[PDB]
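What shape does this take:
(10 chains, ligands or ions: 4)
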Amino acid sequence: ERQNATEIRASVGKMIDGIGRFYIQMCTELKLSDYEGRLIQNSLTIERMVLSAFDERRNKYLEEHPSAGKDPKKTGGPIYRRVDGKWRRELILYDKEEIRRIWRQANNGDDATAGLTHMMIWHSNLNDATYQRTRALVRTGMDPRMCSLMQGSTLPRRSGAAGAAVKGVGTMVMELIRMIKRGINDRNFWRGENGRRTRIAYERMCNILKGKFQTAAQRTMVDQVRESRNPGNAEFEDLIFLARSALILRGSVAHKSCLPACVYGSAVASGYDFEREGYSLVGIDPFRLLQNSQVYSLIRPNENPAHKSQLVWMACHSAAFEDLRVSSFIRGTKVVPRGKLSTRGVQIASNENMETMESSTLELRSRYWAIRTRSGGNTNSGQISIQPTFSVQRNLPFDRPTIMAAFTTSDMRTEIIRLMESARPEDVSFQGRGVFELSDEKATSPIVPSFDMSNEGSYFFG
Amino acid sequence: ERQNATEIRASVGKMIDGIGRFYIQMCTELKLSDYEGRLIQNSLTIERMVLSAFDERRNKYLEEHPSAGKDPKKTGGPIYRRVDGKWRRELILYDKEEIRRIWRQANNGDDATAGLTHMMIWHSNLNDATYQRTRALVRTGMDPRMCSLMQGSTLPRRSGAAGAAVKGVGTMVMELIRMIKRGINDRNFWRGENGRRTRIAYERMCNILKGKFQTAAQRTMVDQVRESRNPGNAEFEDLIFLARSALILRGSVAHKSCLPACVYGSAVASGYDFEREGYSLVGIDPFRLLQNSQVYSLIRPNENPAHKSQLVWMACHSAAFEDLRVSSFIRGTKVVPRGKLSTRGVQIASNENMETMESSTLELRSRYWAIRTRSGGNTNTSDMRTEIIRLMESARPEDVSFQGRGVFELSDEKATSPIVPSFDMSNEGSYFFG
Amino acid sequence: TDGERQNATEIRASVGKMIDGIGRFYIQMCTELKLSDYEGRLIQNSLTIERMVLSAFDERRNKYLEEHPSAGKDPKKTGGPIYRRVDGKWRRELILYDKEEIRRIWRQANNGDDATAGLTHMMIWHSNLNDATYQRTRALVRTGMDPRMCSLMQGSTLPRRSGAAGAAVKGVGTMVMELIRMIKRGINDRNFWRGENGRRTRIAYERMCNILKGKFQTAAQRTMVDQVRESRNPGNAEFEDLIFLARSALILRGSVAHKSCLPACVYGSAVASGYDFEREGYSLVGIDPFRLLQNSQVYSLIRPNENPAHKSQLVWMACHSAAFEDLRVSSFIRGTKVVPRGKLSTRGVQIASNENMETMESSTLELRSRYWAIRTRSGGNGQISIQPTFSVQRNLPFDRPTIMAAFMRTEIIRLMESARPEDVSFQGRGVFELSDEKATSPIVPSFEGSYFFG
Amino acid sequence: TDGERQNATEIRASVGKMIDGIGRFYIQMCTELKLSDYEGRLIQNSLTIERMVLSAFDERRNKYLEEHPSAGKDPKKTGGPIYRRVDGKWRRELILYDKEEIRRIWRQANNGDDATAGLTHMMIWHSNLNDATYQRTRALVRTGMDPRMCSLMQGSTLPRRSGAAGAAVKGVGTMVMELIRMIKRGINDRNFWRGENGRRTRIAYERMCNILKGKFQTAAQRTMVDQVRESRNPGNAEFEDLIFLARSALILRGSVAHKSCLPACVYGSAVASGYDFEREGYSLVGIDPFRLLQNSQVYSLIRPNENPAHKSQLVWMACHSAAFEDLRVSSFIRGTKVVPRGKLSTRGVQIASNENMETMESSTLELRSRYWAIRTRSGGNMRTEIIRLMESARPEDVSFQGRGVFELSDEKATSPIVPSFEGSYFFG
RNA sequence: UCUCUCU
RNA sequence: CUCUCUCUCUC
RNA sequence: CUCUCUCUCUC
RNA sequence: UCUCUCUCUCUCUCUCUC
RNA sequence: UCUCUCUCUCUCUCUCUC
RNA sequence: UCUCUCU
Ligand SMILES: *[C][C]([O])[C]O[C][C][C][N]C(=O)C1=[C]C(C2=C3[C]=[C]C(=O)[C]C3=OC3=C2[C]=[C]C(=O)[C]3)=C(C([O])=O)[C]=[C]1
Ligand SMILES: *[C][C]([O])[C]O[C][C][C][N]C(=O)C1=[C]C(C2=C3[C]=[C]C(=O)[C]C3=OC3=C2[C]=[C]C(=O)[C]3)=C(C([O])=O)[C]=[C]1
Ligand SMILES: *[C][C]([O])[C]O[C][C][C][N]C(=O)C1=[C]C(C2=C3[C]=[C]C(=O)[C]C3=OC3=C2[C]=[C]C(=O)[C]3)=C(C([O])=O)[C]=[C]1
Ligand SMILES: *[C][C]([O])[C]O[C][C][C][N]C(=O)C1=[C]C(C2=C3[C]=[C]C(=O)[C]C3=OC3=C2[C]=[C]C(=O)[C]3)=C(C([O])=O)[C]=[C]1
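Numbers count the residues shown, from 1 in each chain, chains lettered A, B, ... in the order given. Ligands and ions are numbered 1, 2, ... in the order given. Below is the structure:
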């Protein structure tokens, strides 16, 4: 049981080491200095170069249908250099085959797609913490208020099962609803070989959505949605109902700390063997890495570097939809809602005035650290029954409804509504779990927060 | 009929006396004082030394494949000494042959494996009362909520039939499911001489599981599981069904009070001849031994000694999965569920700060005493799943089992006048792990 | 139909997969025993290889051998006579193989599964060869049965390990002999039918009575078997009653399945030739065995002063399980006259240890038939109601006496007296040509002896 | 076949276990009677030991001896003449033994099992010896049968305790004589065939008639024996047809099983040599008895003026039950001419009390045969039809066509040696 | 000269 | 019937 | 309901 | 000669470049 | 992508009283 | 790891 855990840690560390040494090689090939190599924007550009080089289907499409005034075999992006204290942007072009060769040499001749998926999740978390997706929500017919379920909405299809665990209930519902809308518009959807392929995709997406849900009624309803040969308006409405139900009876969304490649590259250049030490995306390793890492960023004139650092921290730990109170408790500084952040996105546009732009250090440090969870809370585990030890008269208790429900009407909407009506926004989940100090590597002594003072806000996008 | 009972008591007392005099000899050889000899952690270390010395197969494997920076012929453990009121831990190493010689001399030149199995059951009960096994449950595909059937999950294979009676339905189902999973992955399982041996093991484990069950339908279903030449997914699912059915139509799991060796050693040094008086693991003897025994333990800073004492009491009487109401009635103090116990495990890790650690006396005393039972209560065509489901559907969590049986006062040695509890006041919790 | 095509296709693939395993296993064993093409195609060598497999998977006998080992023979090794041709002369050397080694080789050939269907297929092939070669009248008399009912002795040498598949191919006479031996042991041993074992024997007795009952066709015969089954302590009354049942089967023949189980050498040669039985499928009652034998060349050991054609006819008879079939029909299908057993100038196929393996020569077996027919699981030899479709005032007729009619020994005797040895059975069904793979145009024959064992 | 190989191997082990018990028990009794190697190999000693065991397990006679004790003999002790050679000369002393002690020794030698097969095997050996030595025309004349059918008296001395196995080896004449005694008892006693005991007698009469019917071969003989069985009150008429059936057996011979039951001394010697009959197996109709006798040395007590060769021939014939066989075939198998009974200069093997055990010397028995053959349970090939059948029968029809005699070195019986053939009647 | 409803 | 039966008796 | 039951593999 | 109350780590691979 | 009125002209079976 | 057409 311990051996499997140590191999898992070694494999994750291998992925991290590959990403870091690729970043070091890219910094060497780009002639970036230490400061320029630690800039988050340069790392964003380099990661996007990697992702676009290995986007096989898009590359093939670009070869078949060339873009306007662009070579389909070259990637690029903005690389920022400091000359005499002034920042300037450059568009430098790299062959896709060269990028692929460098990445494979970084991973010891292997095209490790796990690191690519890691960078993809990092970008998705950053986009989730920065930009809202209300327009896409409204277009598909879902309420703009279920933004908390839209984690991982920018993750592309090539992420696969690794990225599927990260995307929330809202994004899966949105994709299924898009499929149903396409089927409603054109009946030739779900017909032909493409029809068989899209039916398989629909079944697989419904199955992973079902795995996301926790209560039996939600699983039964998504099962009923999956069983329809030609899903129409009814299944789209049922999906919307399930998405709204996910606000109270939450789902199992996997949260991982995917740091920018600059941190990994600095760690690998420092001499940290992730293969020997081991890495975990849900434990203390990202926190320990972020505490002793220095990252720089570009601050547009009249912006608050503290707000940008908070945004990057939230993106790194995928805490965009987290309660502001617990996020502030872990960070030690107030996590300000999105409305009151005097900052724009991390990425710099091509039309910006690259003469008033400044540079600031990012405060990616937290007082406490906590375990990142897949669970969405308790829906209402333990000991169901008693095993008698003493020969005493006594009633022998057991949880009869829970035992029987595994051994047994067809309208589960009423049951779901009843379950959500029973719930109150005051129940305590994750009982007995707390936040650990940075020195508590083994997570032995937890600290439970007491939020029973004057009330701060709780929703980042509120 | 009485003569056989008195010989059984004499044999059990012989085992207890051997364990106690071994503990006395070990305390003499370790230069432990009385307080240090009564510490539960030192007794845990000594018992683990005994078990590792006599773990023949592991010792042979260690000789063939040496461990990293360890002598395969030496056992050890943390021994705690008090100097100027400050506790300090020491790692002292003892030859395995020396430990075996001392143990055999304790049992009069005999390698009494019964005492080793007794210590094994004590450790298993402590682990059951302290640590939950939900990860192993989920890995094997069983619900994490059938923890009440996982009694004796940490018992090693060398316990045999004595330890097999103690392990519950959940652990046996889990082991059978592991075997089925191994067979599913590799077809060379159940083939060859190893295949014949593992088929024999599977049949024996199925037979003792069948003996565990009470109703005829459960026995028929486990019989059908046993009869399959190549058990696959269907038998694993049927085993899961039987495990879930065991929550309502419970099984026959044997409960024994296996005390730490410190209590036995103190009793033997006091002058209690277990051979002449006789010992029973299901009667008043463990209660009477625990009432007049003093045990010390190490309390980490910011812990409740009452909660640790309750944990040790539950471990001693194997009441981990017991109803909290009856356990509190027998103890006289509220048995708090695991979630609200402000205490960690008994054992101290090697990385702990051995300068803020304190010592506390363990309150292993109960107001009443009760007989420990093997029974799981009263239970009242070729597809017996439907029949089992019907039987469980008939049952309600209000039926009274063990009718006419009560808890006896400590002075009632012969168990003559029972006391029946009336739990008909405001409801406390009932599940320890809830 | 139109739904049983799928089921027919499923069965063909499953049998083809079994045939593939036998061929794949034979090829592996041939390369491991170091046998050339000629020796690989020898029927005697294939017999030894097949018997080695059957003994390696005999769990019960192997256990008994371990507990009570024989003298000089360890119960973990099997083997048999392997015949090799060196310098033109033939020599026999006894090969010893570990049963675990043979079991692993067989399992590896069938993709790691036990595949007892392949073993039962080989056991049926041995039973067919035994039936066509040797006549067991001594067992018939020893059990008290009349030695004249040799036509019902189909599969009398099949071991009990062949259940279902073996039981379907075995005949009424063999089934009755099994019942009689159970009865005799009960009469001799009073403990029989009593105790824990008596319960096991009773269930075994019930099961084989039911399968025997399903073998019969007339209602009178089935009712007679049903009575015998009910007897809690069977004795002489059931002994005589079953004897009457066997005698009745000569006229009111039961349903005995007939399958063409070929030697493993034929399958091995076919599989080595790239032939894929699993893909195109197979059938033991269709044209597949006939087409395989046409293209297959098999050699055998011929003892001095033995007609090679007569041995080839014996192997041909065993291949198609036509030992008890009419000589005229067998002669028509083969194209060359089939001779009775008394006029066959040959001994058994299997060569004995005490035989001088120096005057022995090998010959090719002529296992080719001019025609091909479908093997039958049947023996020899209207509307009574109405279902209205229109709403009219008519009266719905039914044959009342016949419907209520279906709600011993004199009746059976009356049935056989009416029967005569001239009734035409299988009316309109004939024999096809090898080029006619779809059974489109039957060729009805027009027909001096007709008894092989006469 | 190919399925009866397992059955044959199973039967061989069961017979070998019986012989092992016989050999093991003899070894113990020799060690417990304190018999030397020479005395243990004496055929007279082996018979005495065998007779002690058979009487020790005779429940009915033992019960009658208890209820009605004999004069000077307690019914709980058995024994016989044991011949011991010390100082060159032979002497006989009666040994007395508890029947229960003998029973325990026999049972312990058979792993605690009764092993009634071994006792019957010894009983068949004694019958074979009696048949070759003594001719019982007195019983034939007393029962009303013509004394000329002495060829059908095979196993006439076998006790009724040997059921199944005993009945298989006994002949038509013995079966007829048993029935004739039943008829004579019924005719004399009117209460016979009536009452509770009459029912028991009727079932015995039916069962022994059934085995006689199975002993016959021609359909005519079976039907007539079927008629005799159906008689509820058999009398003189059933007397006659049984006599006629016996006379027909001289021409239309029945199927009588022939087994080679050797003396216990041979088995004891073989077991002491380490031979494991259970492992190697045994058979009473195959080569095993012949191969055992070739390597076995046994001695006998010779009365003065007696030819050792004739006594050895008598033992050889009794061993293989060739008392009523053709002398030419017996001579061909043995290799030395077999002499008829009238020309044998020897008396019975057993020595009587009234015989002076002082002029008696011992000789080695030549129980070795040049050839070996397989013992047969078969013969060769209303009432007017029966007489018609035996009229067509001639004493020249060849039987067992193509079946011959093999060599001791040919253990698989691969190459038969067909004989080509002046008397042929032992009792003639 | 003993004790017990209900593996 | 070239081997394929025998666990005993009107006990 | 106590007791001997002894362990497929170090796990 | 080890540690732990209370499944969340890991391979899952992509209907279409979107 | 077959054929047939009217008793099996094709529909196995995943081995044994282990 | 045996042998046999046909009491
Ligand atoms: C079990 C499972 O596998 C099941 O699944 C189901 C689903 C899938 N499918 C799909 O996708 C498809 C199909 C199809 C078809 C159809 C449809 C409908 C109806 O009704 C009919 C049909 O038919 C058919 C098909 C296919 C093929 C064939 O052959 C036939 C489609 C079309 O058609 O196009 C598509 C898709
Ligand atoms: C009564 C009782 O005893 C029964 O039991 C049963 C079970 C046991 N077994 C086991 O475990 C085993 C077996 C085996 C075998 C087999 C299998 C399967 C089949 O099919 C066949 C067979 O065969 C055999 C065997 C063994 C031995 C011999 O000889 C043969 C195994 C293997 O094989 O490996 C294992 C186990
Ligand atoms: C065998 C059967 O029957 C069962 O048994 C048991 C029960 C009944 N009982 C009897 O029988 C007996 C008993 C006894 C006893 C007694 C007697 C008398 C008196 O008084 C007392 C007593 O005690 C006792 C007993 C037993 C046991 C115990 O524990 C006690 C006897 C004697 O003793 O002897 C006999 C018989
Ligand atoms: C299989 C089942 O039973 C589970 O398993 C796990 C848990 C329990 N345990 C066991 O069994 C074992 C352990 C071990 C170990 C040890 C021992 C001793 C000492 O001292 C130390 C140690 O350490 C460790 C281990 C394991 C793992 C880790 O990680 C650490 C063993 C050895 O070592 O051999 C065996 C068994």
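
Give me the contact status of stretch A:64-73 with RNA strand H.
No: judged by CB under 7 Å from any atom of the strand, stretch A:64-73 and RNA strand H are separated, with a smallest distance of 8.0 Å. Yep, even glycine has a C-beta here, placed from its N, CA and C like the rest.

Only C-alpha atoms, please: export stretch A:122-133 in CSV.
The C-alpha trace of stretch A:122-133 is given here as CSV (Å, rounded to 0.1, in the frame of the first residue of the first chain):
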residue,chain,number,x,y,z
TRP,A,122,-2.6,25.4,-15.0
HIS,A,123,-3.9,27.6,-17.9
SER,A,124,-7.4,26.5,-17.2
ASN,A,125,-7.2,27.4,-13.5
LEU,A,126,-5.7,30.8,-14.4
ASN,A,127,-8.5,31.5,-16.9
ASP,A,128,-11.1,30.3,-14.3
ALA,A,129,-9.7,32.7,-11.7
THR,A,130,-9.4,35.6,-14.1
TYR,A,131,-12.3,35.5,-16.7
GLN,A,132,-16.0,34.7,-16.3
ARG,A,133,-17.9,32.6,-18.8
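
All the helices of the stretch 351-462 of chain A, in order from the start?
A:400-405, A:412-422 (DSSP state H, counting those that start in this stretch).

which other residues reach the last one?
Spelled out, it's helix A:412-422. For helix A:412-422, the surrounding residues in contact (CB atoms under 8 Å, 6 or more residues apart in numbering or on different chains) are A:215, A:217-218, A:220-221, A:224, A:238, A:241, A:245, A:248-249, A:379-380.

let's see it at 7 Å
A:215, A:217, A:218, A:220, A:221, A:241, A:245, A:248, A:249, A:380 (CB atoms under 7 Å, 6 or more residues apart in numbering or on different chains).

out of those residues, which are inside helices?
Among the contacts of helix A:412-422, DSSP state H puts A:217, A:218, A:220, A:221, A:241, A:245 in helices.

So which of these wins on neighbours?
Counting neighbours by other CB atoms under 10 Å in any protein chain shown, residue A:218 leads the ones in helices among the contacts of helix A:412-422 with 25 neighbours.

Next, work out how far apart it and residue A:420 are.
Counting by CB to CB, to the nearest Å, the gap from residue A:218 to residue A:420 is 10 Å.

Can you check which residues contact both of those two?
With CB under 7 Å, 6+ apart as the test, residue A:218 and residue A:420 both reach A:245, A:249.

which bits of the stretch 51-200 of chain A sit near RNA strand H?
Residues of the stretch 51-200 of chain A lying near RNA strand H (CB under 7 Å from any atom of the strand): A:55-58, A:61, A:113-114, A:117, A:156-162, A:165, A:175, A:178-179, A:194, A:197-198, A:200.

Just the buried ones out of those residues, please.
Buried residues within those, counting neighbours by 16 or more other CB atoms under 10 Å in any protein chain shown: A:55, A:113, A:114, A:117, A:158, A:159, A:162, A:165, A:175, A:179, A:198.

Would you format the residues you listed as TSV with secondary structure and distance to residue A:185 included?
Shown next, in TSV, are these (DSSP: H, G, I helix; E, B strand; the rest coil; distance: CB to CB, whole Å):
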residue	secondary structure	distance to residue A:185
A:55	coil	28
A:113	helix	34
A:114	helix	37
A:117	helix	32
A:158	helix	26
A:159	helix	27
A:162	helix	32
A:165	coil	31
A:175	helix	16
A:179	helix	11
A:198	helix	14
